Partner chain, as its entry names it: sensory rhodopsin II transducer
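One chain is shown next in structure tokens, namely the form solved without the partner chain.
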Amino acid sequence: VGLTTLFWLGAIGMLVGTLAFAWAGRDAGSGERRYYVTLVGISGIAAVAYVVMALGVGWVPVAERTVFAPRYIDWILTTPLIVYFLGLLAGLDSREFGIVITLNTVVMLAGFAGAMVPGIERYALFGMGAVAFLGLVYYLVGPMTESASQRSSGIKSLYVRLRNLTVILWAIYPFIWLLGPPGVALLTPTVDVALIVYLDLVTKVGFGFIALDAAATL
């Protein structure tokens, strides 16, 4: 198994998700459509990013390592969509959406910049993102959860189900970044990539399938 192969698997998984979310969003009421559209964009962007990486593009040499730029472009665009999805589910008002979306962006921009910096100062960027991520988790389990408590029993359950999925799995990315090439480079690129592809598919497509499951029921 090689990087190219892992990237293709990522692209295929994202493509299957995209097609299923677009298809499932065939009917979609005049207000429940925004959810499906977010799911299609999320997995859609990731698919492209992966095909691009698969086609060997965006492999940027930094110091003595490689940085998959497409991966970060993907995250910078898709993570805010996920937050937006949870915000819609939790029923947030513009103000709260703003705070969570900016914290998210700080996390992603910081991780991207840190990866691109060859020197040791890069850990200072990683720290920024990590700190911003804590604030994000705070809003997900506190203020956003409280807000979701105002929605019906089932919507509240879906929100909690997706919230846990997101919080637990997102908390793992930083550890892989730190042990992978960007950090101490303990884990090899292939191992780093294999792990991240699994994580990307679950936090994106699995996340979408759990949502579809809930929708069907209700």
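Residue numbers count along the first chain shown, from 1. Residues that one form lacks are left out of the comparison. Superpose the two forms; the largest set of C-alphas matching within 1.5 Å is the rigid core.
Looking at mean Cα B-factors across 22-30 and 60-68, the upper value is held by 22-30. In this entry, the higher average B-factor at the C-alpha atoms falls on 152-160, of the pair 152-160 and 166-174.
Ranking 138, 97, 123, 112 by Cα temperature factor from the entry places 97 first. Annotation for residue 90: CA B-factor lies in the highest third of the chain's modelled residues. When all modelled residues of the chain are sorted by CA temperature factor, residue 103 is found within the lowest third. In the PDB entry, a CA B factor belonging to the lowest third of its chain's modelled residues is recorded for residue 81. Compared with the other modelled residues of the chain, the Cα B-factor recorded for residue 119 ranks in the middle third.
There is another form of this protein, the form deposited with the partner chain bound, and it is not shown here; the text below is about that form.
Within 4.5 Å of the partner chain in the entry with it bound, a heavy atom is found for all three of 164, 179 and 190. Here the chain stands alone, but in the entry with it bound its contact with the partner chain, taken as any heavy atom within 4.5 Å, falls in 167-175 among 167-175, 49-57, 65-73, 33-41. Under a 4.5 angstroms non-hydrogen atom cutoff, the partner chain in the entry with it bound has residue 199 among its neighbouring residues. Using a 4.5 angstroms threshold between heavy atoms, residue 186 counts as touching the partner chain in the entry with it bound. The partner chain is not shown here, and in the entry with it bound it never comes within 4.5 Å of any heavy atom of residue 11. Shown alone here, residue 194 lies within 4.5 Å of the partner chain in the entry with it bound, counting heavy atoms only. Relative to the superposed core, just one shifted segment between the shown form and the other one, defined as three or more consecutive residues with every Cα moved by 2 Å or more, spans 216-218.
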